[PDB]
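Q: The structure follows.
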Amino acid sequence: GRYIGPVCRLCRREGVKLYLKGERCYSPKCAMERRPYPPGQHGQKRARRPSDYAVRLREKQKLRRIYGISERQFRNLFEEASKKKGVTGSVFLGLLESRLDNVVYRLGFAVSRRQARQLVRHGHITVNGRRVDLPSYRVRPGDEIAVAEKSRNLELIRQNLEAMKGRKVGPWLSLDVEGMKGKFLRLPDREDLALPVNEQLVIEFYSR
Amino acid sequence: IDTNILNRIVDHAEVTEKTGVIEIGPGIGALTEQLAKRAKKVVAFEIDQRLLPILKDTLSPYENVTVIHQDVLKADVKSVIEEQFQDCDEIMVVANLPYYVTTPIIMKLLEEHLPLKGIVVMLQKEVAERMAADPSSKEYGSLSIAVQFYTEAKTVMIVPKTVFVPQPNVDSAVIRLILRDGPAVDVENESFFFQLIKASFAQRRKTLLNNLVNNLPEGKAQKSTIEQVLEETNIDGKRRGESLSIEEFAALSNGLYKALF
Amino acid sequence: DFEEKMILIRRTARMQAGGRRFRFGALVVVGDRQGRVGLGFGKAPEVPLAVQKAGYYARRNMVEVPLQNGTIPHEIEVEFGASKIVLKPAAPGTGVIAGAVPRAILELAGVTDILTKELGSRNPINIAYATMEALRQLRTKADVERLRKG
Amino acid sequence: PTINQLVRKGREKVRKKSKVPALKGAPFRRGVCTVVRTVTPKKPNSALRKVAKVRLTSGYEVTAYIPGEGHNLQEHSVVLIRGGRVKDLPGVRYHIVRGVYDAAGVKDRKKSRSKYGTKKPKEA
RNA sequence: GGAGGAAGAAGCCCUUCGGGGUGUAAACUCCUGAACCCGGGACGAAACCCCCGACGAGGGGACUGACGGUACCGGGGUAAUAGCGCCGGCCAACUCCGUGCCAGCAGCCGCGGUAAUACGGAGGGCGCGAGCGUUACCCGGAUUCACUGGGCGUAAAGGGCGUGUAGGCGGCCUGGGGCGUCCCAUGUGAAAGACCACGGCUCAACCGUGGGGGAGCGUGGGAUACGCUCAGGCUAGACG
RNA sequence: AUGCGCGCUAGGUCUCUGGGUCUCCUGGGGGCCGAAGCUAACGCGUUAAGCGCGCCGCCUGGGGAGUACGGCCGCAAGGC
Ligand SMILES: [Zn+2]
């Protein structure tokens with residue numbers, strides 16, 4: 001299961017523009033350009049100084065809600081990252097950025113991660129010429145992520161990937177727009193990502 | 001914290017001992033004190049019953065202040081100006097607008113064709129480039145067109161987030177609009193002109209032709225007409241729309257309405 | 001010009017001839033997140049005056065911290081009164097694992113990765129003083145070599 | 001002590017003490033109510049607190065607290081006894097699980113329903 | 001379910017009567033295609049046996065599937081379950097009515113007598129989510145049995161004082177032994193489990209194949225600084 | 001209200017008792033101020049509650065309670 005329901009309310013609560021909706025959250029409608037205060041009856045009141053715990057929780061929540069994965073899955077990924085070599089922050093973000101749904105969103109086949117999840121699940125995506133329908137699949141440096149032949153005639157995919165013309169993909173990825181495919185060069189770095197997140201807070205949270 | 005930012009805003013608004021000013025949402029009257037000190041007779045449109053005593057107490061030692069218990073949108077400001085500023089030369093507008101009713105306020109003020117000299121407002125940076133931009137700016141849109149048609153506008157001051165007493169969520173930009181004597185381009189069918197502008201920017205990813213044809217009730221009917229008109233006007237629909245300007249829009253509007261209006 | 005934090009405001013009272021007279025104490029850390037930390041304690045009849053005095057004291061009492069890779073050169077154990085602080089270096093990617101008072105102090109120091117622990121008494125004032133002293137008692141390789149060899 | 005003393009005598013381990021003897025290392029117990037009475041708080045509080053004298057399947061007979069707005073406990077009703085101690089009442093160290101055996105879920109609950117066990121109110 | 005979707009529908013709640021929230025949330029357009037139907041359909045099973053080789057090594061031919069018409073594949077094709085706890089400080093989450101030390105709440109500090117963010121209910125918010133809470137037990141926090149790592153003047157804690165047995169501990173300079181101690185090699189430290197890496201189930205859980213690591217203890221060799229022991233000597237402790 | 005033995009770490013002052021070259025140096029004992037240092041503080045500070053070492057005896061929230069019980073010792077009270 002996941003979180004299904006209102007979304008821009010999370011944009012408001014976090015106080016940042018989390019691009020969770022696709023095209024609306026670019027146009028003057030993201031509900032962060034209007035009412036940038038948290039939701040509810042006591043949204044636009046004076047904010048008290050937040051606790052250390054509050055700050056850490058908010059940072060972790062923001063990071064989790066960007067990728068829209070379970071708290072259990074988030075904890076699992078953190079525990080895996082903390083057990084590996086190198087800086088925990090870098091490794092954790094690398095592991096988060098390797099998810100198949102996220103990779104599809106980065107490639108440009110889908111506009112929102114909530115849409116990439118549906119594309120992957122309903123089966124319109126192959127890795128190394130084999131159908132995979134799980135958003136949580138982890139890709140390694142050097143897999144071909146493509147759209148299935150049976151799914152290339154869809155309006156949705158054509159509109160999505162046609163707009164990628166005159167648009168650049170991330171450095172840690174390569175794309176073939178006319179061939180409708182993509183390549184995972186390597187794991188991304190801290191600076192390759194435009195996250196409004198300081199991972200140090202997330203590290204300090206899961207020590208409590 | 002607001003100690004000197006207000007003074008800078010008033011300086012940029014360029015008020016003097018003979019200019020009249022309009023205040024919206026005064027609250028306590030942080031800007032109002034400076035305006036009274038520097039400018040001539042002022043006016044306020046407070047609607048909050050709770051903050052009225054505080055505003056009254058703030059403006060007790062001032063004699064050039066008038067307070068109105070009307071909402072800006074509902075009140076016809078033409079009579080307000082003809083009644084209050086009966087001797088003044090230039091009437092400007094200075095206010096800090098409360099997020100939600102910020103675009104409606106500006107639109108209502110501009111659409112009523114006031115004899116205002118101009119406007120200087122403090123709003124969020126978010127919708128600040130959205131109302132002062134250029135072709136291919138990633139912020140070009142309907143709001144930009146409306147503001148840069150009705151008046152001449154450019155962003156002046158960038159107040160960062162870390163200035164206020166309770167830390168807000170968004171950076172702010174004080175914008176100054178010098179009102180324009182005559183509309184930049186002449187359109188007979190102004191309403192459908194505006195709808196055309198909003199149609200070309202219904203979705204910013206699609207091409208202009210597809211935008212125009214897919215956003216009109218008669219769009220299906222006049223596909224050929226739309227195509228021919230965009231072709232003849234030397235500005236084709238094969239572009240996105242964000243790369244156009246006021247001039248191309250004017251020519252295209254003329255093309256549509258001279259032939260189908 | 002610097003960043004400030006509020007460890008605690010507390011209200012103390014002394015009895016008088018028919019009544020109580022109150023006073024306020026504030027514990028304030030002033031730092032630049034670069035390796036300069038000051039800690040002040042201010043007493044005043046009013047809260048704002050207490051904060052002002054604490055800020056002034058913290059500015060006038062500053063210590064330079066020898067940070068390498070955003071951490072501490074070596075482990076340290078310092079006892080102030082009944083309270084005791086333990087600081088320990090950590091590899092990059094650990095984060096300041098510490099209680100409220102140390103954390104506050106160390107964040108303004110530019111420390112990014114430390115393992116700490118408080119022992120014995122846990123009076124926040126005494127903990128702050130102990131931590132401050134422990135920071136004051138840090139030497140690097142260069143200083144040690146200079147003292148020993150010359 | 002000295003290392004020699006530690007070798008000779010050592011350190012005595014601290015043993016825990018049970019707060020719920022009547023349970024006999026079980027999450028719950030099944031008992032029968034014999035007396036249903038209202039009693040008085042310990043010091044600063046004043047109220048009438050419902051208390052049942054329950055005889056358990058253990059070799060024990062103890063007092064248990066009845067939480068909620070209203071109950072239906074007679075002098076025979078089979079009940080479930082749970083851990084937990086009332087701060088005020090001097091001698092009760094057990095609670096009653098609502099809506100289990102003969103005890104019924106308190107009426108018109110809408111907020112905290114898992115406790116005070118009541119079914120979800122159907123709404124059309 | 002996904003994308004778009006009002007300066008913002010209706011109802012409900014609050015209101016300084018202007019409005020604010022629930023909220024792009026809904027309704028609404030388009031798109032996908034859990035469930036469901038049709039067809040196909042397994043890996044797990046090649047041996048024993050039989051013919052030619054000797055009754056051997058090779059070679060050649062058949063039989064055998066509970067799971068199970070299941071997994072899975074191909075083709076059609078439907079917008080298609082959300083609950084649970086908490087919102088006084090610990091500790092993330094605030095207002096309006098009801099009640100007036102009553103009904104109650106409670107892990108601690110405590111809250112309940114007329115203006116209750118602490119009880120009851122609504123609106124709203126927060127955390128987790130096919131789950132969420134409660135009770136019981138264990139380790140942590142507990143440096144609160146303190147080897148790592150505590151104390152005993154007044155906070156609990158120096159025996160009423162001597163003499164002394166077992167025990168514990170022990171000054172300097174040499175030489176022998178090599179018991180403790182340290183090092184090298186080797187045997188053992190089973191298979192699972194733990195760590196690393198690489199692989200198989202569409203990922204994971206799960207499983208496979210490798211590689212280490214390991215406290216302890218045997219066997220052989222080596223070192224003698226420090227403890228131990230044997231022999232000689234010295235005068236700074238002690239004794240005369 | 002401070003177990004014993006040993007070594008180390010400014011001094012000044014008042015006493016009791018020995019030897020010396022007797023202006024004053026040199027042992028031992030009893031007090032008072034105080035360096036460094038210690039202590040929660042009061043305070044201790046070469047007669048340490050400092051810096052260390054060796055051995056012994058005790059402590060682990062307040063009541064219940066030095067109580068009940070069992071044992072040992074006493075003529076008994078009673079004690080451990
Ligand atoms: Zn948004």
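Ordered as shown in the structure tokens, chains take letters A, B, and onward, while each chain numbers its residues from 1 and ligands are numbered from 1 in the order shown.
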Which residues, written as an MDAnalysis selection string, have at least one atom at most 9 Å from residue 39 (chain A), with only C-alpha atoms (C1' of nucleotides) counted and residues fewer than 3 positions away on the same chain left out?
A: (chainID A and resid 9:10 12:13 35 42:44) or (chainID E and resid 21 125)
Q: Taking only C-alpha atoms (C1' of nucleotides) into account and nothing else, which residues of chain D lie no more than 6 Å away from chain E? Please answer as a count of residues only.
A: 7
Q: Region 47-118 of chain B: which residues are helix (DSSP H, G or I) by DSSP, as a list in words?
A: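 Put together, the selection reads residues 52, 53, 54, 55, 56, 57, 58, 77, 78, 79, 80, 81, 82, 83, 84, 103, 104, 105, 106, 107, 108, 109, 110 and 111 of chain B.
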Q: Could you write out that same residue set with N, CA and C atoms as a PDB file, in the first residue's frame?
A:
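Writing the result to again_20.pdb gives the following:
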```
ATOM      1  N   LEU B  52      -8.700  46.674  14.258  1.00  0.00           N
ATOM      2  CA  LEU B  52      -9.125  48.056  14.065  1.00  0.00           C
ATOM      3  C   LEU B  52      -8.671  48.949  15.227  1.00  0.00           C
ATOM      4  N   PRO B  53      -8.854  48.565  16.519  1.00  0.00           N
ATOM      5  CA  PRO B  53      -8.343  49.367  17.635  1.00  0.00           C
ATOM      6  C   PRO B  53      -6.844  49.652  17.571  1.00  0.00           C
ATOM      7  N   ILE B  54      -6.062  48.658  17.139  1.00  0.00           N
ATOM      8  CA  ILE B  54      -4.613  48.780  17.087  1.00  0.00           C
ATOM      9  C   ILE B  54      -4.233  49.779  15.992  1.00  0.00           C
ATOM     10  N   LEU B  55      -4.927  49.705  14.847  1.00  0.00           N
ATOM     11  CA  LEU B  55      -4.682  50.622  13.745  1.00  0.00           C
ATOM     12  C   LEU B  55      -5.065  52.044  14.148  1.00  0.00           C
ATOM     13  N   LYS B  56      -6.185  52.183  14.872  1.00  0.00           N
ATOM     14  CA  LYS B  56      -6.660  53.480  15.335  1.00  0.00           C
ATOM     15  C   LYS B  56      -5.634  54.112  16.274  1.00  0.00           C
ATOM     16  N   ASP B  57      -5.116  53.311  17.216  1.00  0.00           N
ATOM     17  CA  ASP B  57      -4.146  53.784  18.193  1.00  0.00           C
ATOM     18  C   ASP B  57      -2.842  54.182  17.502  1.00  0.00           C
ATOM     19  N   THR B  58      -2.429  53.397  16.498  1.00  0.00           N
ATOM     20  CA  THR B  58      -1.212  53.668  15.747  1.00  0.00           C
ATOM     21  C   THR B  58      -1.324  55.019  15.040  1.00  0.00           C
ATOM     22  N   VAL B  77     -13.708  51.796  -6.359  1.00  0.00           N
ATOM     23  CA  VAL B  77     -12.660  52.690  -5.882  1.00  0.00           C
ATOM     24  C   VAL B  77     -12.661  54.027  -6.627  1.00  0.00           C
ATOM     25  N   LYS B  78     -13.386  54.107  -7.753  1.00  0.00           N
ATOM     26  CA  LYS B  78     -13.491  55.337  -8.530  1.00  0.00           C
ATOM     27  C   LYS B  78     -14.049  56.467  -7.663  1.00  0.00           C
ATOM     28  N   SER B  79     -15.156  56.180  -6.962  1.00  0.00           N
ATOM     29  CA  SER B  79     -15.777  57.131  -6.054  1.00  0.00           C
ATOM     30  C   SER B  79     -14.851  57.436  -4.877  1.00  0.00           C
ATOM     31  N   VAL B  80     -14.093  56.422  -4.435  1.00  0.00           N
ATOM     32  CA  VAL B  80     -13.141  56.570  -3.343  1.00  0.00           C
ATOM     33  C   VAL B  80     -12.123  57.652  -3.707  1.00  0.00           C
ATOM     34  N   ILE B  81     -11.581  57.579  -4.930  1.00  0.00           N
ATOM     35  CA  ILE B  81     -10.576  58.528  -5.384  1.00  0.00           C
ATOM     36  C   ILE B  81     -11.209  59.908  -5.568  1.00  0.00           C
ATOM     37  N   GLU B  82     -12.388  59.961  -6.203  1.00  0.00           N
ATOM     38  CA  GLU B  82     -13.037  61.235  -6.485  1.00  0.00           C
ATOM     39  C   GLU B  82     -13.426  61.954  -5.190  1.00  0.00           C
ATOM     40  N   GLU B  83     -13.575  61.197  -4.094  1.00  0.00           N
ATOM     41  CA  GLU B  83     -13.997  61.764  -2.820  1.00  0.00           C
ATOM     42  C   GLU B  83     -12.795  62.167  -1.965  1.00  0.00           C
ATOM     43  N   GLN B  84     -11.814  61.264  -1.820  1.00  0.00           N
ATOM     44  CA  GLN B  84     -10.699  61.488  -0.910  1.00  0.00           C
ATOM     45  C   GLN B  84      -9.646  62.397  -1.543  1.00  0.00           C
ATOM     46  N   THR B 103      -3.569  38.313  -6.666  1.00  0.00           N
ATOM     47  CA  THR B 103      -3.808  38.411  -8.099  1.00  0.00           C
ATOM     48  C   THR B 103      -5.195  39.000  -8.368  1.00  0.00           C
ATOM     49  N   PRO B 104      -6.282  38.526  -7.700  1.00  0.00           N
ATOM     50  CA  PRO B 104      -7.597  39.160  -7.815  1.00  0.00           C
ATOM     51  C   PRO B 104      -7.593  40.665  -7.551  1.00  0.00           C
ATOM     52  N   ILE B 105      -6.839  41.099  -6.529  1.00  0.00           N
ATOM     53  CA  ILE B 105      -6.767  42.503  -6.152  1.00  0.00           C
ATOM     54  C   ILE B 105      -6.175  43.310  -7.307  1.00  0.00           C
ATOM     55  N   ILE B 106      -5.033  42.845  -7.833  1.00  0.00           N
ATOM     56  CA  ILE B 106      -4.313  43.534  -8.894  1.00  0.00           C
ATOM     57  C   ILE B 106      -5.191  43.601 -10.145  1.00  0.00           C
ATOM     58  N   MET B 107      -5.826  42.471 -10.483  1.00  0.00           N
ATOM     59  CA  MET B 107      -6.665  42.379 -11.669  1.00  0.00           C
ATOM     60  C   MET B 107      -7.867  43.318 -11.567  1.00  0.00           C
ATOM     61  N   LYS B 108      -8.512  43.353 -10.391  1.00  0.00           N
ATOM     62  CA  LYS B 108      -9.676  44.199 -10.168  1.00  0.00           C
ATOM     63  C   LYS B 108      -9.283  45.672 -10.262  1.00  0.00           C
ATOM     64  N   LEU B 109      -8.126  46.025  -9.682  1.00  0.00           N
ATOM     65  CA  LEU B 109      -7.640  47.396  -9.712  1.00  0.00           C
ATOM     66  C   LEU B 109      -7.358  47.831 -11.148  1.00  0.00           C
ATOM     67  N   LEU B 110      -6.757  46.936 -11.943  1.00  0.00           N
ATOM     68  CA  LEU B 110      -6.319  47.298 -13.281  1.00  0.00           C
ATOM     69  C   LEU B 110      -7.485  47.338 -14.268  1.00  0.00           C
ATOM     70  N   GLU B 111      -8.475  46.452 -14.078  1.00  0.00           N
ATOM     71  CA  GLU B 111      -9.584  46.294 -15.011  1.00  0.00           C
ATOM     72  C   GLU B 111     -10.611  47.423 -14.877  1.00  0.00           C
TER      73      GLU B 111
END
```
Q: Enumerate as a CSV table (one decimal) with N, CA and C atoms, in the first residue's frame the residues within 10 Å of ligand 1, counting only C-alpha atoms (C1' of nucleotides) and all ligand atoms.
A:
```csv
chain,number,residue,atom,x,y,z
A,7,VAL,N,-2.5,15.9,-2.4
A,7,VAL,CA,-1.1,15.8,-2.5
A,7,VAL,C,-0.5,17.2,-2.3
A,8,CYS,N,-1.0,18.3,-2.9
A,8,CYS,CA,-0.4,19.6,-2.7
A,8,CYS,C,-0.6,20.1,-1.3
A,9,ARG,N,-1.4,19.4,-0.5
A,9,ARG,CA,-1.5,19.6,1.0
A,9,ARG,C,-0.1,19.3,1.6
A,10,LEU,N,0.6,18.3,1.0
A,10,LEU,CA,1.9,17.9,1.5
A,10,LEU,C,2.9,19.0,1.1
A,11,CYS,N,2.8,19.5,-0.1
A,11,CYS,CA,3.5,20.6,-0.6
A,11,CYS,C,3.5,21.7,0.5
A,12,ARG,N,2.3,22.0,1.0
A,12,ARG,CA,2.0,23.1,1.9
A,12,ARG,C,2.6,22.8,3.3
A,16,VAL,N,7.6,23.4,1.1
A,16,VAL,CA,8.5,23.4,-0.1
A,16,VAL,C,7.6,22.9,-1.3
A,17,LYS,N,8.0,23.3,-2.5
A,17,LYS,CA,7.4,22.8,-3.7
A,17,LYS,C,7.9,21.4,-4.0
A,18,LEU,N,7.2,20.3,-3.5
A,18,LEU,CA,7.5,19.0,-3.9
A,18,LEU,C,6.7,18.6,-5.2
A,19,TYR,N,7.5,18.4,-6.3
A,19,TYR,CA,6.9,18.2,-7.6
A,19,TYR,C,6.3,16.8,-7.7
A,20,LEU,N,5.0,16.7,-7.1
A,20,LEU,CA,4.4,15.4,-6.9
A,20,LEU,C,3.3,15.1,-7.9
A,21,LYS,N,3.0,16.1,-8.8
A,21,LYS,CA,1.7,16.1,-9.5
A,21,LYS,C,1.9,16.2,-11.0
A,22,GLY,N,3.1,16.5,-11.5
A,22,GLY,CA,3.4,16.5,-12.9
A,22,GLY,C,3.5,17.9,-13.5
A,23,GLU,N,2.4,18.4,-14.2
A,23,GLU,CA,2.5,19.7,-14.9
A,23,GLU,C,1.9,20.8,-14.2
A,24,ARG,N,0.9,20.5,-13.3
A,24,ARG,CA,0.2,21.5,-12.5
A,24,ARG,C,1.1,22.2,-11.6
A,25,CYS,N,2.1,21.4,-11.0
A,25,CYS,CA,3.0,22.0,-10.0
A,25,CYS,C,4.1,22.8,-10.7
A,26,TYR,N,4.0,23.1,-11.9
A,26,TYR,CA,4.8,24.1,-12.6
A,26,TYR,C,4.0,25.3,-12.9
A,27,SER,N,2.8,25.2,-13.5
A,27,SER,CA,1.9,26.3,-13.8
A,27,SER,C,1.5,27.0,-12.5
A,28,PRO,N,1.0,28.2,-12.6
A,28,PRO,CA,0.6,29.0,-11.4
A,28,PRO,C,-0.6,28.4,-10.6
A,29,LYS,N,-0.5,27.1,-10.2
A,29,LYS,CA,-1.6,26.4,-9.6
A,29,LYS,C,-1.1,25.4,-8.5
A,30,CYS,N,0.2,25.4,-8.2
A,30,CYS,CA,0.8,24.4,-7.3
A,30,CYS,C,0.3,24.5,-5.9
A,31,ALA,N,-0.6,25.5,-5.6
A,31,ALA,CA,-1.1,25.7,-4.3
A,31,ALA,C,0.1,26.0,-3.3
A,32,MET,N,1.3,26.3,-3.9
A,32,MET,CA,2.4,26.8,-3.1
A,32,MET,C,2.7,28.3,-3.5
A,33,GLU,N,2.2,28.6,-4.7
A,33,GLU,CA,2.2,30.0,-5.2
A,33,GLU,C,1.0,30.7,-4.6
A,34,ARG,N,0.0,30.0,-4.2
A,34,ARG,CA,-1.2,30.5,-3.5
A,34,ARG,C,-1.3,29.6,-2.2
A,36,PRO,N,0.9,29.5,0.7
A,36,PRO,CA,2.1,28.7,1.0
A,36,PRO,C,2.2,28.3,2.5
```
Q: What lies within 9 Å of residue 129 (chain C) using only C-alpha atoms (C1' of nucleotides), ignoring chain neighbours under 5 positions off, as a ChimeraX atom specification?
A: /C:39,80,124,134
Q: Save the residues we just selected, N, CA and C atoms, as a PDB file, in the first residue's frame?
A:
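The resulting file, result19.pdb, is reproduced below:
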```
ATOM      1  N   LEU C  39      29.724  30.928  25.000  1.00  0.00           N
ATOM      2  CA  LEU C  39      28.591  30.568  25.832  1.00  0.00           C
ATOM      3  C   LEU C  39      28.459  31.578  26.966  1.00  0.00           C
ATOM      4  N   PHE C  80      33.094  18.533  34.947  1.00  0.00           N
ATOM      5  CA  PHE C  80      32.853  19.818  35.583  1.00  0.00           C
ATOM      6  C   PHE C  80      31.853  19.607  36.714  1.00  0.00           C
ATOM      7  N   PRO C 124      21.804  21.165  32.983  1.00  0.00           N
ATOM      8  CA  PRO C 124      22.138  21.740  31.678  1.00  0.00           C
ATOM      9  C   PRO C 124      23.229  22.808  31.716  1.00  0.00           C
ATOM     10  N   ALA C 134      35.716  21.115  27.579  1.00  0.00           N
ATOM     11  CA  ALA C 134      36.217  20.001  26.788  1.00  0.00           C
ATOM     12  C   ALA C 134      36.648  20.478  25.401  1.00  0.00           C
TER      13      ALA C 134
END
```
Q: Which of these residues is nearest to chain C, using only C-alpha atoms (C1' of nucleotides): F:62, F:70, F:8, F:40?
A: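 Among the listed residues, the smallest separation from chain C belongs to F:40.
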Q: So which residues touch residue 123 (chain A) within 8 Å, counting only C-alpha atoms (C1' of nucleotides), skipping near sequence neighbours fewer than 3 positions away, as a short mmCIF file (atom, residue, chain, number, x, y, z; two decimals) with N, CA and C atoms, in the first residue's frame?
A:
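As a result, part-v4.cif now contains:
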```cif
data_model
loop_
_atom_site.label_atom_id
_atom_site.label_comp_id
_atom_site.auth_asym_id
_atom_site.auth_seq_id
_atom_site.Cartn_x
_atom_site.Cartn_y
_atom_site.Cartn_z
N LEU A 119 2.76 3.05 -14.67
CA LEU A 119 3.32 2.57 -15.92
C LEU A 119 4.08 1.27 -15.69
N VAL A 120 4.89 1.23 -14.62
CA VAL A 120 5.70 0.07 -14.32
C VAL A 120 4.81 -1.10 -13.91
N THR A 126 10.19 -2.55 -19.72
CA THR A 126 11.08 -3.70 -19.71
C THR A 126 12.48 -3.26 -19.28
N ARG A 131 10.04 -7.99 -19.28
CA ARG A 131 8.99 -7.25 -18.59
C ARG A 131 9.20 -7.36 -17.08
N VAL A 132 9.22 -6.19 -16.42
CA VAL A 132 9.27 -6.10 -14.97
C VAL A 132 8.17 -5.13 -14.54
N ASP A 133 7.33 -5.58 -13.59
CA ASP A 133 6.16 -4.81 -13.19
C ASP A 133 6.18 -4.56 -11.69
#
```
Q: Would you mind listing what lies within 12 Å of residue 117 (chain D) as a list in words, with only C-alpha atoms (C1' of nucleotides) counted and same-chain residues fewer than 2 positions away left out?
A: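 What passes the distance filter is residues 67, 68, 96, 97, 98, 99, 100, 101, 103, 104, 105, 106, 107, 108, 109, 110, 111, 112, 113, 114, 115, 119 and 120 of chain D; 133 and 134 of chain E.
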Q: Can you pull out the residues contacting region 216-218 of chain B? Cut-off 12 Å, using only C-alpha atoms (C1' of nucleotides), and skip same-chain residues under 2 positions away; I want them as a PyMOL selection string.
A: chain B and resi 192+195-200+202+209-214+220-226+260
Q: Please identify all polymer residues within 10 Å of residue 83 (chain C), counting only C-alpha atoms (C1' of nucleotides), omitting same-chain residues fewer than 3 positions from it, and present them as a short mmCIF file (atom, residue, chain, number, x, y, z; two decimals) with N, CA and C atoms, in the first residue's frame.
A:
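Output file part-v7.cif follows:
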```cif
data_model
loop_
_atom_site.label_atom_id
_atom_site.label_comp_id
_atom_site.auth_asym_id
_atom_site.auth_seq_id
_atom_site.Cartn_x
_atom_site.Cartn_y
_atom_site.Cartn_z
N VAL C 78 35.83 15.14 30.13
CA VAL C 78 35.99 16.26 31.04
C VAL C 78 34.88 16.23 32.08
N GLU C 79 35.27 16.37 33.35
CA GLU C 79 34.32 16.50 34.45
C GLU C 79 34.30 17.95 34.93
N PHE C 80 33.09 18.53 34.95
CA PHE C 80 32.85 19.82 35.58
C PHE C 80 31.85 19.61 36.71
N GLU C 118 26.70 12.00 28.22
CA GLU C 118 26.71 12.71 29.49
C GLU C 118 26.63 11.71 30.64
N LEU C 119 27.48 11.90 31.65
CA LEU C 119 27.54 11.02 32.81
C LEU C 119 27.44 11.83 34.10
N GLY C 120 27.01 11.15 35.17
CA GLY C 120 26.80 11.77 36.47
C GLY C 120 25.64 12.77 36.42
N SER C 121 25.86 13.95 36.99
CA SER C 121 24.85 15.00 37.03
C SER C 121 24.54 15.48 35.61
N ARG C 122 23.28 15.87 35.40
CA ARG C 122 22.83 16.34 34.10
C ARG C 122 22.16 17.71 34.23
N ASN C 123 22.75 18.58 35.06
CA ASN C 123 22.35 19.97 35.11
C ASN C 123 22.75 20.62 33.78
N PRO C 124 21.80 21.16 32.98
CA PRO C 124 22.14 21.74 31.68
C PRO C 124 23.23 22.81 31.72
N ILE C 125 23.27 23.60 32.79
CA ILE C 125 24.27 24.65 32.94
C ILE C 125 25.65 24.01 33.10
N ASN C 126 25.73 23.01 33.98
CA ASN C 126 26.98 22.31 34.26
C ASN C 126 27.43 21.51 33.03
N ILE C 127 26.48 20.92 32.31
CA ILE C 127 26.77 20.19 31.08
C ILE C 127 27.35 21.15 30.04
N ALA C 128 26.76 22.35 29.93
CA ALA C 128 27.23 23.36 28.99
C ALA C 128 28.67 23.77 29.32
N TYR C 129 28.94 24.02 30.60
CA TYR C 129 30.27 24.41 31.05
C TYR C 129 31.28 23.29 30.79
N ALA C 130 30.89 22.04 31.07
CA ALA C 130 31.75 20.89 30.87
C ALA C 130 32.10 20.73 29.39
N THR C 131 31.09 20.85 28.52
CA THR C 131 31.28 20.72 27.08
C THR C 131 32.20 21.83 26.57
#
```
Q: If we count only C-alpha atoms (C1' of nucleotides), which residues of chain E reach to within 8 Å of chain B? Please list them as a VMD selection string.
A: chain E and resid 7 16 18
Q: Please extract the residues of chain D with a backbone DSSP assignment of strand (DSSP E) and present them as a PyMOL selection string.
A: chain D and resi 28-39+49-56+61-65+78-83+94-96
Q: Counting only C-alpha atoms, which residues from chain B have an atom at most 7 Å from any atom of chain A, and could you show them as a PDB file with N, CA and C atoms, in the first residue's frame?
A:
```pdb
ATOM      1  N   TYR B  99      -1.361  36.845   0.235  1.00  0.00           N
ATOM      2  CA  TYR B  99      -1.160  35.593  -0.484  1.00  0.00           C
ATOM      3  C   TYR B  99      -2.322  35.280  -1.427  1.00  0.00           C
ATOM      4  N   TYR B 100      -3.452  34.838  -0.854  1.00  0.00           N
ATOM      5  CA  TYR B 100      -4.618  34.369  -1.588  1.00  0.00           C
ATOM      6  C   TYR B 100      -5.157  35.473  -2.495  1.00  0.00           C
ATOM      7  N   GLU B 126       7.589  33.925  -5.836  1.00  0.00           N
ATOM      8  CA  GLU B 126       6.957  32.869  -6.608  1.00  0.00           C
ATOM      9  C   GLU B 126       6.214  33.499  -7.780  1.00  0.00           C
ATOM     10  N   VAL B 127       5.120  34.201  -7.484  1.00  0.00           N
ATOM     11  CA  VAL B 127       4.414  34.927  -8.523  1.00  0.00           C
ATOM     12  C   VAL B 127       4.972  36.349  -8.596  1.00  0.00           C
ATOM     13  N   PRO B 166       8.045  35.843  12.320  1.00  0.00           N
ATOM     14  CA  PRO B 166       7.833  34.409  12.127  1.00  0.00           C
ATOM     15  C   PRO B 166       8.279  33.997  10.725  1.00  0.00           C
ATOM     16  N   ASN B 169       7.468  30.892   4.479  1.00  0.00           N
ATOM     17  CA  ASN B 169       7.837  29.740   3.669  1.00  0.00           C
ATOM     18  C   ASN B 169       8.382  30.170   2.306  1.00  0.00           C
ATOM     19  N   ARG B 205       3.443  22.565 -22.603  1.00  0.00           N
ATOM     20  CA  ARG B 205       4.290  21.583 -23.266  1.00  0.00           C
ATOM     21  C   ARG B 205       3.856  21.361 -24.713  1.00  0.00           C
TER      22      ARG B 205
END
```
